[PDB]
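Chemist: Please find one structure pasted underneath; my questions will follow.
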Amino acid sequence: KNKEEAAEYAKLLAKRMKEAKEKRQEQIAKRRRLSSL
Amino acid sequence: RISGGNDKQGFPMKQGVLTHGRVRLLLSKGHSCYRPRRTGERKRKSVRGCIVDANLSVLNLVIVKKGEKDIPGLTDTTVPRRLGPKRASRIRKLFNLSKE
Amino acid sequence: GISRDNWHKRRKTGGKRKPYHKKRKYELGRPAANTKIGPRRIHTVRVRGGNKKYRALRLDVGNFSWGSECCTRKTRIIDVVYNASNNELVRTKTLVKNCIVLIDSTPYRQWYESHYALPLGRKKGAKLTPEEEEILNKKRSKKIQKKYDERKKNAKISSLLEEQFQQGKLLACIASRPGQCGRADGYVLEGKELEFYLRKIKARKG
Amino acid sequence: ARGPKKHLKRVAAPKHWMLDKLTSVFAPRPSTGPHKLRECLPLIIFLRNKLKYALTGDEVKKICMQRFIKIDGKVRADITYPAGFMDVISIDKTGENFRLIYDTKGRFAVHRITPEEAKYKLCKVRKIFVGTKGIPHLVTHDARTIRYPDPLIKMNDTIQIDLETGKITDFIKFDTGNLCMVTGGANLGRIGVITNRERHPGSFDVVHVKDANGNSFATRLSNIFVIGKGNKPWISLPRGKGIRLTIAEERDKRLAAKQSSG
Amino acid sequence: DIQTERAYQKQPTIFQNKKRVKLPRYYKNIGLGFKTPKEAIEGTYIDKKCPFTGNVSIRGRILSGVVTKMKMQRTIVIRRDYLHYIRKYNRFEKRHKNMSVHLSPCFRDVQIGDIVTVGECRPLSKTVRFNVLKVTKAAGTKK
RNA sequence: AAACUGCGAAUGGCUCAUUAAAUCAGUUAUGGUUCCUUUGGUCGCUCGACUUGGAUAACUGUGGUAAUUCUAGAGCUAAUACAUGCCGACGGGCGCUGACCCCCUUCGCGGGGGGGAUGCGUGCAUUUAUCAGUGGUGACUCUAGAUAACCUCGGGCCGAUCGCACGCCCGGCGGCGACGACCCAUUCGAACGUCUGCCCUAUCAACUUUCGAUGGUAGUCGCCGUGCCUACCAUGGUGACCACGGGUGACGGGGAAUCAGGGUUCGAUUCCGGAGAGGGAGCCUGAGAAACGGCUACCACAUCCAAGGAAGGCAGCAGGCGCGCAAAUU
């Protein structure tokens, strides 16, 4: 139960980190548009 | 061996109280001459000194080494131990058994 | 018994209080530990909530910290020198928090001489006759002697600690409460702290 | 007192139990548990006052020690067990399932739910904790320490747990336009969409809530629970729908229903 | 300049004996939008009961008053005037409660009459429960 | 049945003596603490016996004292009592160490980058010091992370416990519970603080202070915050906005009686909070007591007595005496 739930959160935290890392790219992409404005 | 008995007013002796007269003591749980009623109760009973003089009712005595003769009251009477061992490991020590 | 009560004593105004209730339990004082330097005698005390509290009454060792290069060792407490609170808790060598104690140096001198590989303490003229830490100063490989050399480049210790390591006794500040936790842990005085407390020991001396 | 109190006086009992005055000196003092003393409803009061399956509190001892009652997915045998908000009482031999939702008045009502609805329940989180090895921890309004939750879940969000496994399925985040059952104070039992958050550094943050008939009202954020994203609830609702008709309108509808029926 | 006690005075958090080859200062934002002053950050004082550079947290009540005495060291007596409503005689009566409040030495220039804001905290002494947060100078008194 | 063990006996009940910023009420705080229980977490996270030890009670049997819910000596015998303690997971990771060894540039030294025998440690809790800045607050010296260690012999955890139905598998492996447990959260709380609010009195105007008065520094103690208590400094603190002292036929509040509007009076009394168990005081046990249907003294009063001693606490329910204008059934 420890190993499975730790591995399940590892997949969910990876997913949320990749979507929040897409938001890091999105804020840098907004900064890219304002620098090209 | 003199295991000690009662004063002529009935007050018990007390192991290593180191007087001959009657002395009052705090007696908690884990003492002689006292049983508790509530948990951590600690009454002031009066006990007799362990030093032995004529001023007594009884002396409780224990025959450690048996003498030359057979005493008619005590040794001639043979009594077996009322109960027998319950825990398995005490049975193994008594009957001198193995683990297999 | 001895109480920790806020009601036994006057108000802001200087008006005495009439007490409305007799001494509660939780309003408790237990007699001071006044722990000494001797063979380790620590008495466990039951406290509020059926939790334990270790009254050190004698305590001769402590987990002291040398914070400059972040190493800490179990070291012998040898003497109480100075107490800022009461001047008479030095004669009666009582360990309390923020005491100034002399401790042994040899665990730290051992660490320094094994980690930096430089002779520290060791009054000039003499040698090491067993030839143990004489060999632990020498005889390294190619790249690990280079590691010790890169370390040696920035291995300067202060002249104040150099003097104290030479006498074989550092000055330490007790940080734990030996009355409470039952331990005599702390840190070694350095920089402005050491200069301050050496000035206060010097002023008390004469 | 010089230790904890073990009795509750019938008069000192909370008003939302609707215990009568004259039967007994004492009320059933709720056992310690997930819900608060004055926010719970003991099993005994649900089992013999609300539903009237028993007559006395010795009948309730006989019911519960046959193990026929199952509060939020586990059988309890305590007559003074604190059953509180969003808890699911499954009386299994009758084949019934009840959710403890607040009626339009501050009481808990007899809200019958379907066996499918009775498998999940909705839990407001109280705090986010980081455990002994970077382990994220929730704590719900009913003391469930659920470890390794979704990182987007923050305090004052609600989570949909499955009873059988005790694991989160969905969650509503505390955002404007979301439904809100009010679970404390004068507005106890209101349902409305959250229209405004009003921050107060140090003091208590207040939350304005618009209703299904434009009856806007405020509430302390402590006393708020989100029951669905937008305008669709994740539970079934009791009649009145937490809309809170006035005493003039209540009189009107009660009088209309009595005269029209016969 | 400082460290006139028998014990050594320092901030507990900041470590000042790192190996070399100006000491760093601990501060914090107090909360409630009250600005940490310049003299707290740039200054060299050391006060365990400063709400900016000490081991004390402001929570619960924010009050105010007028500084009336400054003769205690590191702490002042303020004076809170208010109006109590006797309902029989449908009128107010002028009443006052003077409270001892701790005055952080970051507030270097404080005179009696200055309207001080104070924050509730843990009891610092027998009669002190309040730290000074900010000082607004008296009516006029620009000179 | 008894006896051991566990739990309860800290609630309930009674009374209002004390108590005048005290108690209490509304209001906040606990980022300043403790918490049996309940609920939910945790409970092969540590790298190092297919079940251990010997007492004791009921029991049996000898007793003592005038006397007690007094106990003593002897013969046995149980644990979820008191103790002691391993195997497993376990094969290896991660920090140092550091033999050995590899590859490149240089005439070479030198420079620069990888593998690596052995040994020392490593889980949570406790205690100290340091370094960096996952989640959270209005704000932590928060939570979590890393390093270095420490580990109270009057000793934190990591299960030598019990019951139901029992099966599948060439002896292993498993379901449903009960009990216990470090720590976290939750609940029930409790404690100490915030703001504001009390009757009469000036024939009480100055009081508080080197037997702490108000501060500061550092400790001690405490569950924690703090003159709580020490030591050393400072000379403060309160007051005509009534401090300080005195009185109260004063426990406080929700409330009660009267009342057009205001008010006046009462609230010992069933709910909440407080306090006390003849007067003070001290402590045991426990999560919780300064417990009195617990213990130990003293003072007061009083009971059995073979005169040596033993026992006491109805402001619990009945009831008796006394007191009274004044109040019910052993």
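Here's how to read the names in the structure tokens: chain A, B, ... by the order shown, residue numbers from 1 in each chain, ligand numbers from 1 in the order shown.
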Need the shell around stretch 184-198 of chain C: protein/DNA/RNA residues with any atom at most 8 Å away, counting only C-alpha atoms (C1' of nucleotides). Skip same-chain ones fewer than 6 positions apart. Format as a PDB file with N, CA and C atoms (P, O5', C5', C4', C3', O3' and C1' of nucleotides), in the first residue's frame?
Modeler:
ATOM      1  N   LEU C  59      26.224  15.468  35.795  1.00  0.00           N
ATOM      2  CA  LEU C  59      26.388  15.341  34.325  1.00  0.00           C
ATOM      3  C   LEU C  59      27.784  15.841  33.927  1.00  0.00           C
ATOM      4  N   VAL C  61      29.479  14.804  30.672  1.00  0.00           N
ATOM      5  CA  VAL C  61      29.699  14.790  29.192  1.00  0.00           C
ATOM      6  C   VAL C  61      28.565  15.561  28.513  1.00  0.00           C
ATOM      7  N   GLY C  62      28.782  15.980  27.264  1.00  0.00           N
ATOM      8  CA  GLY C  62      27.791  16.742  26.482  1.00  0.00           C
ATOM      9  C   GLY C  62      28.106  16.754  24.998  1.00  0.00           C
ATOM     10  N   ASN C  63      27.061  16.734  24.164  1.00  0.00           N
ATOM     11  CA  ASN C  63      27.146  16.794  22.680  1.00  0.00           C
ATOM     12  C   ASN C  63      27.283  18.265  22.256  1.00  0.00           C
ATOM     13  N   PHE C  64      28.510  18.796  22.316  1.00  0.00           N
ATOM     14  CA  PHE C  64      28.859  20.207  22.000  1.00  0.00           C
ATOM     15  C   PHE C  64      29.181  20.351  20.511  1.00  0.00           C
ATOM     16  N   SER C  65      28.847  21.510  19.935  1.00  0.00           N
ATOM     17  CA  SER C  65      28.928  21.817  18.482  1.00  0.00           C
ATOM     18  C   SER C  65      29.972  22.906  18.223  1.00  0.00           C
ATOM     19  N   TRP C  66      30.914  22.627  17.318  1.00  0.00           N
ATOM     20  CA  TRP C  66      31.940  23.574  16.805  1.00  0.00           C
ATOM     21  C   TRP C  66      31.432  24.148  15.476  1.00  0.00           C
ATOM     22  N   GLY C  67      30.682  25.252  15.551  1.00  0.00           N
ATOM     23  CA  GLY C  67      29.778  25.742  14.490  1.00  0.00           C
ATOM     24  C   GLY C  67      30.494  26.323  13.282  1.00  0.00           C
ATOM     25  N   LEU C  95      25.634  23.253  36.476  1.00  0.00           N
ATOM     26  CA  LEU C  95      25.342  23.356  35.022  1.00  0.00           C
ATOM     27  C   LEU C  95      23.898  23.830  34.856  1.00  0.00           C
ATOM     28  N   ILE C 100      29.083  29.114  31.051  1.00  0.00           N
ATOM     29  CA  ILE C 100      30.384  29.102  30.320  1.00  0.00           C
ATOM     30  C   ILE C 100      31.274  28.053  30.988  1.00  0.00           C
ATOM     31  N   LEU C 161      41.150  30.273  19.446  1.00  0.00           N
ATOM     32  CA  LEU C 161      40.914  28.804  19.514  1.00  0.00           C
ATOM     33  C   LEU C 161      42.259  28.065  19.514  1.00  0.00           C
ATOM     34  N   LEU C 170      38.617  23.896  25.561  1.00  0.00           N
ATOM     35  CA  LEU C 170      37.799  24.936  24.872  1.00  0.00           C
ATOM     36  C   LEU C 170      36.816  25.562  25.866  1.00  0.00           C
ATOM     37  N   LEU C 171      36.300  26.752  25.539  1.00  0.00           N
ATOM     38  CA  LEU C 171      35.153  27.397  26.232  1.00  0.00           C
ATOM     39  C   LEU C 171      33.879  27.082  25.448  1.00  0.00           C
ATOM     40  N   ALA C 172      32.868  26.528  26.122  1.00  0.00           N
ATOM     41  CA  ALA C 172      31.571  26.135  25.530  1.00  0.00           C
ATOM     42  C   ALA C 172      30.429  26.842  26.263  1.00  0.00           C
ATOM     43  N   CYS C 173      29.354  27.137  25.527  1.00  0.00           N
ATOM     44  CA  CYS C 173      28.090  27.749  26.014  1.00  0.00           C
ATOM     45  C   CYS C 173      26.993  26.678  26.016  1.00  0.00           C
ATOM     46  N   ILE C 174      26.523  26.283  27.207  1.00  0.00           N
ATOM     47  CA  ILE C 174      25.439  25.270  27.394  1.00  0.00           C
ATOM     48  C   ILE C 174      24.167  25.859  26.774  1.00  0.00           C
ATOM     49  N   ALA C 175      23.538  25.143  25.842  1.00  0.00           N
ATOM     50  CA  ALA C 175      22.333  25.585  25.099  1.00  0.00           C
ATOM     51  C   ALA C 175      21.104  24.784  25.547  1.00  0.00           C
ATOM     52  N   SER C 176      21.282  23.498  25.857  1.00  0.00           N
ATOM     53  CA  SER C 176      20.244  22.615  26.447  1.00  0.00           C
ATOM     54  C   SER C 176      20.048  22.981  27.919  1.00  0.00           C
ATOM     55  N   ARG C 177      18.883  22.634  28.468  1.00  0.00           N
ATOM     56  CA  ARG C 177      18.549  22.773  29.909  1.00  0.00           C
ATOM     57  C   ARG C 177      18.763  21.429  30.600  1.00  0.00           C
ATOM     58  N   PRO C 178      19.878  21.227  31.335  1.00  0.00           N
ATOM     59  CA  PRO C 178      20.152  19.923  31.935  1.00  0.00           C
ATOM     60  C   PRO C 178      19.143  19.573  33.038  1.00  0.00           C
TER      61      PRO C 178
ATOM     62  N   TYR E   8      25.979  37.476  26.982  1.00  0.00           N
ATOM     63  CA  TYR E   8      26.172  37.983  25.598  1.00  0.00           C
ATOM     64  C   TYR E   8      24.800  38.193  24.965  1.00  0.00           C
ATOM     65  N   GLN E  16      27.060  33.921  13.659  1.00  0.00           N
ATOM     66  CA  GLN E  16      28.010  35.055  13.493  1.00  0.00           C
ATOM     67  C   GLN E  16      29.471  34.585  13.592  1.00  0.00           C
ATOM     68  N   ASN E  17      29.737  33.274  13.520  1.00  0.00           N
ATOM     69  CA  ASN E  17      31.096  32.690  13.704  1.00  0.00           C
ATOM     70  C   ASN E  17      31.414  31.709  12.566  1.00  0.00           C
TER      71      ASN E  17
ATOM     72  P     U F 127      13.265  17.637  22.790  1.00  0.00           P
ATOM     73  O5'   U F 127      14.824  17.928  22.841  1.00  0.00           O
ATOM     74  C5'   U F 127      15.505  17.890  24.099  1.00  0.00           C
ATOM     75  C4'   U F 127      16.996  17.952  23.897  1.00  0.00           C
ATOM     76  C3'   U F 127      17.515  18.981  22.908  1.00  0.00           C
ATOM     77  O3'   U F 127      17.471  20.318  23.401  1.00  0.00           O
ATOM     78  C1'   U F 127      18.608  16.940  22.527  1.00  0.00           C
ATOM     79  P     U F 128      17.259  21.548  22.386  1.00  0.00           P
ATOM     80  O5'   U F 128      18.709  21.751  21.755  1.00  0.00           O
ATOM     81  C5'   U F 128      19.814  22.167  22.581  1.00  0.00           C
ATOM     82  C4'   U F 128      21.139  21.911  21.902  1.00  0.00           C
ATOM     83  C3'   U F 128      21.409  22.670  20.614  1.00  0.00           C
ATOM     84  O3'   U F 128      21.676  24.055  20.837  1.00  0.00           O
ATOM     85  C1'   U F 128      22.099  20.436  20.345  1.00  0.00           C
ATOM     86  P     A F 129      21.156  25.165  19.793  1.00  0.00           P
ATOM     87  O5'   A F 129      22.233  25.093  18.625  1.00  0.00           O
ATOM     88  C5'   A F 129      23.616  25.391  18.879  1.00  0.00           C
ATOM     89  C4'   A F 129      24.470  24.915  17.728  1.00  0.00           C
ATOM     90  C3'   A F 129      24.062  25.397  16.340  1.00  0.00           C
ATOM     91  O3'   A F 129      24.391  26.756  16.075  1.00  0.00           O
ATOM     92  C1'   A F 129      24.536  23.099  16.242  1.00  0.00           C
TER      93        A F 129
END
Chemist: At a cut-off of 9 Å, using only C-alpha atoms (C1' of nucleotides), what residues contact residue B:24? Leave out same-chain residues fewer than 6 positions from it and give the result as number ranges by chain.
Modeler: B: 44-48
Chemist: With N, CA, C and O atoms retained, write the just-selected residues as a PDB file, in the first residue's frame.
Modeler:
ATOM      1  N   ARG B  44      -0.730   4.844  57.169  1.00  0.00           N
ATOM      2  CA  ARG B  44       0.222   4.884  58.311  1.00  0.00           C
ATOM      3  C   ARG B  44      -0.167   3.770  59.290  1.00  0.00           C
ATOM      4  O   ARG B  44      -0.858   4.063  60.286  1.00  0.00           O
ATOM      5  N   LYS B  45       0.233   2.531  58.991  1.00  0.00           N
ATOM      6  CA  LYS B  45       0.081   1.367  59.904  1.00  0.00           C
ATOM      7  C   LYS B  45       1.190   1.431  60.958  1.00  0.00           C
ATOM      8  O   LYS B  45       2.232   2.063  60.689  1.00  0.00           O
ATOM      9  N   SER B  46       0.956   0.804  62.114  1.00  0.00           N
ATOM     10  CA  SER B  46       1.946   0.605  63.201  1.00  0.00           C
ATOM     11  C   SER B  46       2.421  -0.852  63.171  1.00  0.00           C
ATOM     12  O   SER B  46       1.557  -1.752  63.199  1.00  0.00           O
ATOM     13  N   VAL B  47       3.739  -1.061  63.076  1.00  0.00           N
ATOM     14  CA  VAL B  47       4.398  -2.402  62.986  1.00  0.00           C
ATOM     15  C   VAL B  47       5.370  -2.551  64.164  1.00  0.00           C
ATOM     16  O   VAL B  47       5.730  -1.519  64.765  1.00  0.00           O
ATOM     17  N   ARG B  48       5.781  -3.788  64.462  1.00  0.00           N
ATOM     18  CA  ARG B  48       6.768  -4.114  65.526  1.00  0.00           C
ATOM     19  C   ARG B  48       8.165  -4.239  64.908  1.00  0.00           C
ATOM     20  O   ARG B  48       8.261  -4.610  63.721  1.00  0.00           O
TER      21      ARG B  48
END
Chemist: Please find the residues of chain E near chain C - the criterion being any atom within 6 Å, counting only C-alpha atoms - and write them as a PDB file with N, CA and C atoms, in the first residue's frame.
Modeler:
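Writing the result to selection11.pdb gives the following:
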ATOM      1  N   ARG E   6      25.602  41.011  31.629  1.00  0.00           N
ATOM      2  CA  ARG E   6      26.632  40.016  32.032  1.00  0.00           C
ATOM      3  C   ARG E   6      26.687  38.893  30.990  1.00  0.00           C
ATOM      4  N   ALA E   7      25.528  38.478  30.471  1.00  0.00           N
ATOM      5  CA  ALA E   7      25.395  37.512  29.356  1.00  0.00           C
ATOM      6  C   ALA E   7      25.650  38.235  28.031  1.00  0.00           C
ATOM      7  N   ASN E  17      29.737  33.274  13.520  1.00  0.00           N
ATOM      8  CA  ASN E  17      31.096  32.690  13.704  1.00  0.00           C
ATOM      9  C   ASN E  17      31.414  31.709  12.566  1.00  0.00           C
ATOM     10  N   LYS E  18      30.983  32.016  11.337  1.00  0.00           N
ATOM     11  CA  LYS E  18      31.423  31.307  10.103  1.00  0.00           C
ATOM     12  C   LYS E  18      32.883  31.692   9.818  1.00  0.00           C
ATOM     13  N   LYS E  19      33.674  30.767   9.259  1.00  0.00           N
ATOM     14  CA  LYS E  19      35.107  30.983   8.910  1.00  0.00           C
ATOM     15  C   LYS E  19      35.213  31.982   7.750  1.00  0.00           C
TER      16      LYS E  19
END
Chemist: Given a cut-off of 7 Å, which residues of chain F touch chain D, counting only C-alpha atoms (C1' of nucleotides), written out as a list in words?
Modeler: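 Every residue of chain F that passes the 7 Å test is in residues 10, 11, 38, 39, 40, 41, 134, 135, 138, 143, 144, 185, 186, 187, 188, 189, 271, 288 and 289 of chain F.
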Chemist: Considering only C-alpha atoms (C1' of nucleotides), extract the chain F residues located within 12 Å of chain A and return them as a ChimeraX atom specification.
Modeler: /F:42,44-45,134
Chemist: Between atom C1' of residue F:28 and atom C1' of residue F:196, what is the spacing in Å?
Modeler: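 Atom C1' of residue F:28 lies at a distance of 11.7 Å from atom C1' of residue F:196.
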Chemist: Write out as a PDB file with N, CA, C and O atoms, in the first residue's frame the residues lying within 9 Å of residue D:225, counting only C-alpha atoms (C1' of nucleotides) and excluding same-chain residues fewer than 5 positions away.
Modeler:
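Output file around13.pdb follows:
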ATOM      1  N   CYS D 123     -16.623  15.777   1.530  1.00  0.00           N
ATOM      2  CA  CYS D 123     -15.862  16.190   2.742  1.00  0.00           C
ATOM      3  C   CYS D 123     -15.136  17.513   2.492  1.00  0.00           C
ATOM      4  O   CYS D 123     -14.280  17.546   1.593  1.00  0.00           O
ATOM      5  N   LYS D 124     -15.454  18.545   3.278  1.00  0.00           N
ATOM      6  CA  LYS D 124     -14.696  19.822   3.332  1.00  0.00           C
ATOM      7  C   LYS D 124     -13.359  19.525   4.012  1.00  0.00           C
ATOM      8  O   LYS D 124     -13.381  18.845   5.053  1.00  0.00           O
ATOM      9  N   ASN D 156     -10.593  24.654   2.471  1.00  0.00           N
ATOM     10  CA  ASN D 156     -11.921  25.202   2.079  1.00  0.00           C
ATOM     11  C   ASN D 156     -12.336  24.673   0.701  1.00  0.00           C
ATOM     12  O   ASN D 156     -13.378  25.132   0.194  1.00  0.00           O
ATOM     13  N   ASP D 157     -11.576  23.731   0.131  1.00  0.00           N
ATOM     14  CA  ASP D 157     -12.132  22.908  -0.977  1.00  0.00           C
ATOM     15  C   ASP D 157     -12.824  21.674  -0.393  1.00  0.00           C
ATOM     16  O   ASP D 157     -12.444  21.262   0.723  1.00  0.00           O
ATOM     17  N   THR D 158     -13.791  21.106  -1.122  1.00  0.00           N
ATOM     18  CA  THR D 158     -14.458  19.821  -0.774  1.00  0.00           C
ATOM     19  C   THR D 158     -13.967  18.715  -1.711  1.00  0.00           C
ATOM     20  O   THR D 158     -13.715  19.012  -2.893  1.00  0.00           O
ATOM     21  N   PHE D 174     -12.736  25.959  -3.968  1.00  0.00           N
ATOM     22  CA  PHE D 174     -13.416  27.155  -3.402  1.00  0.00           C
ATOM     23  C   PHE D 174     -13.196  28.345  -4.342  1.00  0.00           C
ATOM     24  O   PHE D 174     -12.197  29.076  -4.195  1.00  0.00           O
ATOM     25  N   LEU D 179     -21.847  26.253  -5.747  1.00  0.00           N
ATOM     26  CA  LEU D 179     -22.906  26.027  -4.720  1.00  0.00           C
ATOM     27  C   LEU D 179     -22.254  25.974  -3.337  1.00  0.00           C
ATOM     28  O   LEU D 179     -21.078  25.571  -3.255  1.00  0.00           O
ATOM     29  N   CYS D 180     -23.010  26.359  -2.306  1.00  0.00           N
ATOM     30  CA  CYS D 180     -22.541  26.458  -0.901  1.00  0.00           C
ATOM     31  C   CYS D 180     -23.690  26.152   0.064  1.00  0.00           C
ATOM     32  O   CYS D 180     -24.581  27.011   0.205  1.00  0.00           O
ATOM     33  N   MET D 181     -23.660  24.974   0.698  1.00  0.00           N
ATOM     34  CA  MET D 181     -24.439  24.667   1.929  1.00  0.00           C
ATOM     35  C   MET D 181     -23.751  25.368   3.106  1.00  0.00           C
ATOM     36  O   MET D 181     -22.533  25.164   3.280  1.00  0.00           O
ATOM     37  N   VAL D 182     -24.504  26.159   3.876  1.00  0.00           N
ATOM     38  CA  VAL D 182     -24.008  26.886   5.080  1.00  0.00           C
ATOM     39  C   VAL D 182     -24.211  25.976   6.297  1.00  0.00           C
ATOM     40  O   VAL D 182     -25.377  25.646   6.592  1.00  0.00           O
ATOM     41  N   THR D 183     -23.112  25.589   6.960  1.00  0.00           N
ATOM     42  CA  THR D 183     -23.064  24.556   8.032  1.00  0.00           C
ATOM     43  C   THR D 183     -22.642  25.204   9.357  1.00  0.00           C
ATOM     44  O   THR D 183     -21.756  24.642  10.036  1.00  0.00           O
TER      45      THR D 183
END
Chemist: With a distance cut-off of 12 Å and only C-alpha atoms (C1' of nucleotides), select the neighbouring residues of stretch 16-30 of chain A, excluding the residue or stretch itself and same-chain residues fewer than 6 positions from it, and output the selection as a list in words.
Modeler: residues 9, 10, 36 and 37 of chain A; 149, 150, 151, 152 and 153 of chain D
Chemist: Could you write out as a PyMOL selection string the residues of chain E within 8 Å of chain D, counting only C-alpha atoms?
Modeler: chain E and resi 31-32+59-60
Chemist: Point out the residue among C:202, C:30, C:8, C:140 with the least atom-to-atom distance to chain F, counting only C-alpha atoms (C1' of nucleotides).
Modeler: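 Among the listed residues, the smallest separation from chain F belongs to C:30.
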Chemist: May I have the residues within 9 Å of residue B:14 as a tab-separated table (two decimals) with C-alpha atoms, in the first residue's frame, using only C-alpha atoms (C1' of nucleotides) and disregarding those fewer than 2 positions away in the same chain?
Modeler:
chain	number	residue	atom	x	y	z
B	4	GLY	CA	9.29	-13.20	62.60
B	5	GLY	CA	5.73	-13.14	64.06
B	12	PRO	CA	3.15	-7.64	62.88
B	16	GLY	CA	14.61	-4.54	58.66
B	17	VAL	CA	12.86	-1.78	60.69
B	18	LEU	CA	15.81	-2.21	63.15
B	32	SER	CA	4.89	-6.17	54.11
B	33	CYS	CA	2.17	-5.65	56.84
B	47	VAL	CA	4.40	-2.40	62.99
B	48	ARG	CA	6.77	-4.11	65.53
B	49	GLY	CA	10.63	-4.08	65.36
B	50	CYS	CA	12.54	-7.01	63.70
Chemist: Residues of chain F within 8 Å of chain E: nearest atom pair and distance (Å, one decimal) for each, counting only C-alpha atoms (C1' of nucleotides), sorted by chain and number, as a tab-separated table?
Modeler:
residue	atom	partner	partner_atom	distance
F:28	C1'	E:60	CA	5.8
F:29	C1'	E:60	CA	5.7
F:31	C1'	E:57	CA	6.3
F:32	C1'	E:122	CA	6.3
F:138	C1'	E:31	CA	4.7
F:139	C1'	E:31	CA	4.1
F:140	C1'	E:57	CA	7.9
F:141	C1'	E:13	CA	6.1
F:193	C1'	E:123	CA	7.0
F:194	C1'	E:120	CA	6.6
F:195	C1'	E:61	CA	7.6
F:214	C1'	E:72	CA	7.8
F:215	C1'	E:72	CA	5.5
F:216	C1'	E:73	CA	6.3
F:217	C1'	E:5	CA	5.8
F:218	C1'	E:7	CA	6.0
F:225	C1'	E:123	CA	5.7
F:226	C1'	E:125	CA	5.1
F:227	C1'	E:126	CA	7.0
F:234	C1'	E:73	CA	7.5
F:236	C1'	E:72	CA	6.2
F:241	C1'	E:95	CA	4.8
F:262	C1'	E:88	CA	7.7
F:263	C1'	E:88	CA	7.6
Chemist: Do you have the atom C1' of residue F:153-atom CA of residue C:41 distance handy?
Modeler: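 These two atoms are separated by 10.4 Å.
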Chemist: Rounded to one decimal, what separation in Å do you get between atom CA of residue B:91 and atom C1' of residue F:77?
Modeler: 11.9 Å
